[PDB]
Structure formats: C-alpha cells, structure tokens
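Just below is one structure, and these are the notes that go with it.
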Amino acid sequence: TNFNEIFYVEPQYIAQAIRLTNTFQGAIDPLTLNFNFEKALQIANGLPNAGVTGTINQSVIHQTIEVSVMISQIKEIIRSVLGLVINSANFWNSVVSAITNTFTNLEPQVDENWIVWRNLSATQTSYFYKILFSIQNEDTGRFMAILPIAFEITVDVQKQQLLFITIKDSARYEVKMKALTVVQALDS
Numbered sequence: 041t042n043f044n045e046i047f048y049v050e051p052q053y054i055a056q057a058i059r060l061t062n063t064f065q066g067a068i069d070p071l072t073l074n075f076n077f078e079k080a081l082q083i084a085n086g087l088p089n090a091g092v093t094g095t096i097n098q099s100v101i102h103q104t105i106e107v108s109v110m111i112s113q114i115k116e117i118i119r120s121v122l123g124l125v126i127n128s129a130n131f132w133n134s135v136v137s138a139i140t141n142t143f144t145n146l147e148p149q150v151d152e153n154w155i156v157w158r159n160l161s162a163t164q165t166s167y168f169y170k171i172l173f174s175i176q177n178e179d180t181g182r183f184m185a186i187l188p189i190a191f192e193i194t195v196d197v198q199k200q201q202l203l204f205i206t207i208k209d210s211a212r213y214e215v216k217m218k219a220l221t222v223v224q225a226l227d228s
C-alpha cells in the first residue's frame with residue numbers, strides 16, 4: 041500500500057473501494073515510489089463502466105506561503121479536480137485533515153509507506169506524499185468516485201524542523217500535484 045487511504049463510503053460498498061484502491065497501486069513506480077500520471081490514466085481507461093471527471097498534472101504552489109493558506113488553496117484545487125459536488129461537511133473534513141497531514145504532523149508519519157523522503161540537505165527537504173480517496177454517498181448517486189492524489193514537495197526547511205512544522209508556519213514551498221478522479225458505476 042503506497043497511498044494514505046481514506047475511505048468515505050457505506051460499508052456495503054467497501055468491496056468496490058478495496059478493488060479500485062488495489063487497482064491504482066499499479067500507478068506507483070517500483071523504484072522511486074512516485075505516482076505515474078500516465079499509468080494512472082491507462083488504468084482509469086481500462087476500468088469498466090467508468091469515466092474520468094477531472095485531472096491535474098502540474099505545479100500548484102511555488103512561493104513563500106503560510107502552510108494554512110497552502111492547505112486552503114489545495115482544498116479548492118481538489119474541489120475542482122473532483123468534478124462532482126459533494127455537499128457533506130464531514131467528507132470535506134476528511135479531505136482537509138488528509139491535506140493537513142501532507143504538510144504537518146510529519147513526525148508520527150516519518151516511516152509510513154505513503155511518504156517517501158528524497159533530498160534531505162541542510163537547506164532543503166523534498167518528499168513524495170500519496171493519498172487515495174474512495175468516495176460514495178448521496179452526492180455520488182449511482183457511482184463511486186476514486187481520487188488518487190500524489191504530491192512532490194520541496195521545501196526550504198531542514199528535515200528535523202519540518203517534522204514539527206505547523207499550519208501557522210511559513211516556508212518556501214514547491215508543490216507538484218498529480219491527481220485524477222474516476223467514477224465507476226456501483227457494485228451490485
């Protein structure tokens with residue numbers, strides 16, 4: 041499992057979520073453990089009864105920014121990439137918690153499979169961070185939505201300090217985002 045998996049589905053649909061999450065493991069490079077956008081799109085293309093409702097594959101932050109402001113920006117990007125309107129405050133809570141844990145609370149996550157440390161110099165830290173949402177509720181109707189998200193994050197903070205960075209801190213971030221939303225007809 042190379043993704044931080046976040047299931048927001050009814051229990052009766054957990055099977056489908058597991059299947060689709062398993063399927064997207066195939067987009068992980070075996071060596072770098074980066075997320076491969078092209079491969080994720082190939083995988084999406086092969087799925088039955090499915091369509092892609094949004095994608096992104098580009099840099100989304102490249103500046104000095106407060107971590108909270110960055111998180112808010114990425115929430116709005118996720119809103120766009122979803123290509124579905126989910127009204128649930130709790131769903132959006134799940135999303136924002138996951139985005140927050142991409143940049144903060146890194147100390148407890150240091151050895152988790154979903155984070156990949158790369159450059160760890162005196163002047164810079166870079167890492168990959170991967171999240172996978174499965175989503176099914178009233179606003180997905182007859183469908184489940186699957187949203188794999190990978191970030192490539194470079195920040196001008198040395199690792200030891202980054203492990204304790206908070207939403208109120210600022211630093212110079214370079215963040216590349218690769219994501220797609222695929223919807224598949226529910227599971228009978």
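Whatever position you read off the sequence shown (first residue = 1), add 40 for the deposited numbering.
Each residue gets a CB set at the ideal place from its N, CA and C atoms; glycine is no exception.
Shown here, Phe131 sits in a helix according to DSSP, grouped into three states.
Taking a cut-off of 8 Å for Cβ pairs, the segment 94-106 and the segment 154-170 do not touch, as fewer than three such pairs fall below it.
According to the DSSP assignment, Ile46 belongs to the beta strand (DSSP E) that extends over 44-48. Partner residues in a beta bridge of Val121, as assigned by DSSP, do not exist. Cβ atoms of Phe77 and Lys218 come within 8 Å of each other, at about 4 Å.
Per DSSP, the beta bridge partners of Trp157 are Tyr167. Counting C-beta atoms within 10 angstroms of its own C-beta, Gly91 has fewer than 16 neighbours from the protein chains shown and is therefore classed as exposed. Inter-residue distance for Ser134 and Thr163 is about 32 Å (C-alpha atoms, whole angstroms).
With fewer than 16 neighbouring CB atoms inside 10 Å of its own CB, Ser228 falls in the exposed class.
Scanning the segment 67-97 from its first residue to its last, the whole alpha helix (DSSP H) runs of 4-plus residues come out as 77-86.
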